[PDB]
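The block underneath contains the structure these notes are about, expressed in structure tokens.
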Amino acid sequence: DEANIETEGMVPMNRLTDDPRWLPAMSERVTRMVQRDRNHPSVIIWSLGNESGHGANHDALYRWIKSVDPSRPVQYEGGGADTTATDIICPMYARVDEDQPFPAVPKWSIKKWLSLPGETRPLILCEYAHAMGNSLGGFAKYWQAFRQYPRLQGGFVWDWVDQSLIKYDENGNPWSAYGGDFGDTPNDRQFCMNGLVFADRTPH
Amino acid sequence: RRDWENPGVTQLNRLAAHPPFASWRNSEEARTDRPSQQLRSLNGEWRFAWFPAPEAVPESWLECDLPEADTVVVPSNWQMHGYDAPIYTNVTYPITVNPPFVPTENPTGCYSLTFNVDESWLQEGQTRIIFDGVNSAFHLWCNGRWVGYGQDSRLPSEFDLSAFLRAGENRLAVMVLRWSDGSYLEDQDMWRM
Amino acid sequence: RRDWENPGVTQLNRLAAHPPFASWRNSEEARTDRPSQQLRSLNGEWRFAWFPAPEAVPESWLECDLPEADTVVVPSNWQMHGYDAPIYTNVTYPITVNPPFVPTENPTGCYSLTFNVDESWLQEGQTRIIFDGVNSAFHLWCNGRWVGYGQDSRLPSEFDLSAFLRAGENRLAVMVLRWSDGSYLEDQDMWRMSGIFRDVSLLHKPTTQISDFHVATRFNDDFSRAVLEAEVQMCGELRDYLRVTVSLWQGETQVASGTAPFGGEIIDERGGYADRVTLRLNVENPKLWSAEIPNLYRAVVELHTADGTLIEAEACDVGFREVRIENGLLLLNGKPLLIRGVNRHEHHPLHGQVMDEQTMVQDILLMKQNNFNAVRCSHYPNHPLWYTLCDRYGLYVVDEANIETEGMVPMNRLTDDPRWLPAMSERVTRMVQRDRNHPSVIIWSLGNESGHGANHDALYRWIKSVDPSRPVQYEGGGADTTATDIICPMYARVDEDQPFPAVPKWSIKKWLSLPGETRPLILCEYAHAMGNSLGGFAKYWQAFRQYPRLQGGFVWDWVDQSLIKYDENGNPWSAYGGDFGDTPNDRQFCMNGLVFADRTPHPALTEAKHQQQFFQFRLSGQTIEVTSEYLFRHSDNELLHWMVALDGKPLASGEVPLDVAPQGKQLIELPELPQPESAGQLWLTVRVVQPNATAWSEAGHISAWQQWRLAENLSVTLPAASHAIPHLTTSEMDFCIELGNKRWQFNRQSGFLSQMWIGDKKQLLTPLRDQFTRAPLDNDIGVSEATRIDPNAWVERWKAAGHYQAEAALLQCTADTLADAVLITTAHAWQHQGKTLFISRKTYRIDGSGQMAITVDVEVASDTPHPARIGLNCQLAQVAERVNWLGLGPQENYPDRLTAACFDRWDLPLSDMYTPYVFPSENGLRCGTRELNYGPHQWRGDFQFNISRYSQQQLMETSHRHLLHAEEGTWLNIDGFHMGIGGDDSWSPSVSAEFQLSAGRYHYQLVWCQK
Ligand SMILES: OC[C@H]1O[C@@H](O)[C@H](O)[C@@H](O)[C@H]1O
Ligand SMILES: OC[C@H]1O[C@@H](O)[C@H](O)[C@@H](O)[C@H]1O
Ligand SMILES: OC[C@H]1O[C@@H](O)[C@H](O)[C@@H](O)[C@H]1O
Ligand SMILES: [Mg+2]
Ligand SMILES: [Mg+2]
Ligand SMILES: [Mg+2]
Ligand SMILES: [Mg+2]
Ligand SMILES: [Mg+2]
Ligand code: NA
Ligand code: NA
Ligand code: NA
Ligand code: NA
């Protein structure tokens, strides 16, 4: 269960989440989610949101959930996937054997990540295997690794269904449309279609 | 007094969040998770009118239905009804990055509903309304009188209407703003509706 | 649209909090911390009008001054101006508890000010206004137009007036609401006031400005090297030609300096802060900061262009110090501290809660002079100047957020409610952003008495993320919750547990070793100094010194919160709860200081100074061993001063310079001390003296002292029998002994000495009778009131038992003649409703030398609350100017608070034998007295005493010290035994067992005579 908080557009990504002036707005998107869904057994982990760097607000809210509900682990990939605001190393798109040494927020090979000096948490990718179009190549490698490494406990494929919308031509026939197809601009082409199934739930 | 441009105001008169309620008046119904008489759905056909900004919303609307309005189904996204286009942007915000300000031209959706309340609901207890999802912020009026405000498109906003409702016909006025300071926290890579 | 009744709205258009700014336009002015042209003060005479509610404020006011208004000084509290009464309530909220709603009748103060702005301020840059303190919420208008709103009475609210001001005359309209939803978080046990009580300023900043800067100092393991890290953030137009240069100054010297363009390091996938830059300067062998030696540097932040043009400069004092809790201990620069602290409310007897430099410096000097090294901002951020002073004078500070809700039920009803997370958040975060650069601030506190809710944990973690340099603490919820790095109880006793459910107060010694516990323990409040208190104080320190992890505490508290009123004649007097028509009120519970509102020391302050000494001494024959308790300084401004005296009579003395390294020891070999001859007790007395004057001390200031009973010579040569012999005359109603000039009369109907004569001069105005009660001390009363009685309080236990109204029944009264003296034998039985409470057997022996030897032997029922005292008393007829005695003094001292007192010959004016506690009670006692001299009289033995013009009765019937009237003659209370005063807290029996008159059978002997 993930709070409604993404500010990936800001620069740096945590410009709001680290600003105490925004602690209130964020607070309510975390606390109200917990107070609402905390009784569902299917909810096993709480997430503080998505792509919003790592600000103090995240740490504050992290600790809140831990105080309010000890029954569930909290996780957050912002700021490098292994920040003090997450109980699980939850990177997104970190490869199996290859490192991607980005400054500040690198994506280590998931196998190398688990054994980094001092690290001890379990690692579950919050997003991996971008299924955009003819994709999912190398998927078997992830699982090979998941099964061999005790602390490599899986992940969440990205993602389920294509975010395509239905439009109609002059004849009144339906067709799948994406970025820009509605006069929307600026738009991000077809990047809204990353599913394992088409908008109409037909398997890829 | 623009509330959609102040991250300090995320709600006004909204009740506290909580687990799913149904207020059964019979334990057997509760155990079997059967429908509840105390939980009515206001889904269906509502009255809708699109505007270029909240400042274009005619006062009359608060008390009297606009004839220029259309009857549409709720819940729904007005983009899907063709009132304006749905935008698809990944990272780059759909609006200009200048927190906590949003465009002066803020697509405002005016939803209204005439429905009646059983007299027994007003003779006792509390009668509240629950909006499970309003994108991205909105103001609520019940019978011309103002009730409250709410933000956060993905969690329910609840308000106590007990003192606004009357037995019989009642009318809801819901001014929904497409953009708001809350949009700064809603930058997910999906269609922006 | 009521904003004062919505905890979701705590401000409107208020600018971001930040370290103190001045916007210097000259780097030299910044470095030298000289006044700034860009920082004007709007303090002075303003226009004020009071209203019953905001709804009564006439619109005209927004644009036109009300003629009905008055001209008053700002800052100030309108209660202090008499516009309405200041309320004094402890826990119970001053308003009705119904969050977030406040009374419809909300006292609204309307402040206005006409002032003009230089045209140059409006031609460029930003012009903002700064309200350092508005109690408790307010709306601001500039020239009729509305600007913003603000809450939180203890932190500054800033608004950008740039677009509201015009060149020339301008007018400010400030509507201040006394009550608001914010009042729910401001329930501290102090006078409840309101208004603009802190400075109002006008700051001009360039458009492209410095909007914030954080100073950090990290060292290597031995503090030989240190790296100063300065993160700077800007606003306005970003340009490459922009630069920031942070330079560190040690006096006129420039130890280091760094320059760099904006553009921080990459922090995440989106890059970094292009509007920030961090400078890192190296510092070799830095001068470390401490309360011992407040070594400071000057950090100057300059916003300029690459071509060298200064845009603006900001600065602050920097103190290189490292605070960290390691292995269970709180370390300051690697050494484990011993907090000799005190809690200090911002209170002025005439100005209400308005602070000024003078009052501050005064308090600071007094504190340091009485060996204090730390202070707790109970219970809200203090006036900005305070931190600056503590920085320079040297004081460890606990900066505490403005959050107390002790009135709620349960105490954490709000702090655990996520709906209130926002309001709380701002009272914590804004404090940190403001004071985080002050080196004197060593610990952050989350507030006071507000239970333990999730909000506390959330905010706890925030500070830890934002500022790793300081430990966070909070006593709420049991003092050892997950929201505190330090076990910080309040009033937890030394050896005795107080097993309260949920939130017990364990013996501080037992607390440290509780299974799993490992943190350091520092009481945030202990030794409630209310009235005649601080008994058992020495026990705390004994323990602090023995236990590594018992690192001190903060006494409660500094100054009495009494206000000055005037009677018909126009004379000033100290007033407290209720004295202003305020009700409900909490009596005198606002007076818990070590000093009176006017900073005059209480007797207890002296005890504190002594127990908190930084030099410990031990004696072994001829050698005195001095151990230093300092962690950094050397005793480079001290010399030991010793002196031997036989029962007051000095014999030898001298002085050795002190050369002790911190933590070190020094041995001092006294010369072959003078060999006494006469009978008596030799007393070695050492005093540490500061020859040179400091910034806080006069020259020759005394920082410590200690006494030792050297040798003793019991007198064996009993008196030379005079040939005269007393004559006994006998009536049926009296026994009269005459000897030369003197005449003694014992009323055979009472069994007490009813009168004595020295010529045709009477000596007593009231018979010499036994006494087992005392004018109840605040600690004896606790929270027991007229209507609400606390059956547990000592005063009630006594009352119920009947001690205050015991009829003295005579059992025997005989007289016999001896070979050289008359002998009167008495025996009384004090009872109440049949129950025999006390029995007092005595024998008076008047001999040829004309000396009366009174021998008392009392019995106390082993099932009647232990008596407050066991002695005698009578109203003498004389009224002398001085009092001389050989015993513990010079100041007031009681059994459980007499360590600081010294044994010697003391002489003082009758008045100094009376302690002016605002709330009258037993006082002025002096223990361990072998000789007392008053007028023609002299009493000898081994007793305690208090002598004044007020009877115990008057004292216990009078509520204020100003309603006390001198009585005929002088009342003498001579105790053979006196119960301790206690004080571990003032709301429950707090007198240690060893100080309770429980022996059952007591015995003392006195010798009355004419000197
Ligand atoms: O479709 C590309 C994806 O990239 C991820 O980093 C992001 O978290 C997803 O929400 C989506 O934007
Ligand atoms: O003397 C009563 C004291 O009790 C303390 O618990 C409180 O923190 C103080 O502010 C004061 O109310
Ligand atoms: O602060 C702790 C205690 O302080 C006392 O003054 C008060 O009477 C008690 O009820 C409790 O509040
Ligand atoms: Mg808003
Ligand atoms: Mg994204
Ligand atoms: Mg408010
Ligand atoms: Mg209190
Ligand atoms: Mg001692
Ligand atoms: Na997508
Ligand atoms: Na210690
Ligand atoms: Na008090
Ligand atoms: Na010296």
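We number chain A the same way Swiss-Prot does; the residues here are 412-615, in that order.
This entry, so its header tells us, was determined using X-ray crystallography, 3.0 Å.
The backbone N, Cα and C atoms fix where each Cβ goes, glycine too.
Secondary structure from DSSP puts A:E462 (active site, proton donor) in coil. Marked as active site, proton donor by Swiss-Prot: A:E462.
Residues or ranges marked as active site, nucleophile in Swiss-Prot (evidence: experimental evidence): A:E538. Around the Cβ of A:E538 (active site, nucleophile), the number of neighbouring Cβ atoms within 10 Å comes to 18.
Around the Cβ of A:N598 (Mg(2+) 2 binding site), the number of neighbouring Cβ atoms within 10 Å comes to 20. A:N598 (Mg(2+) 2 binding site) falls outside any helix or strand according to DSSP and counts as coil. According to Swiss-Prot, the Mg(2+) 2 binding site annotation covers A:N598, on the basis of experimental evidence.
Counting every protein chain shown, 21 other Cβ atoms lie within 10 Å of the Cβ of A:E462 (active site, proton donor).
Between the alpha carbons (Cα) of A:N598 (Mg(2+) 2 binding site) and A:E538 (active site, nucleophile) lies a span of roughly 23 Å.
Mapped onto three states, the DSSP output places A:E538 (active site, nucleophile) in strand.
Each residue contributes its Cα atom, and for A:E538 (active site, nucleophile) and A:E462 (active site, proton donor) those atoms are 12 Å apart.
By the rule that a residue counts when its Cβ sits under 6 Å from some atom of ligand 5, the recorded positions A:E462, A:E538, A:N598 yield A:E462.
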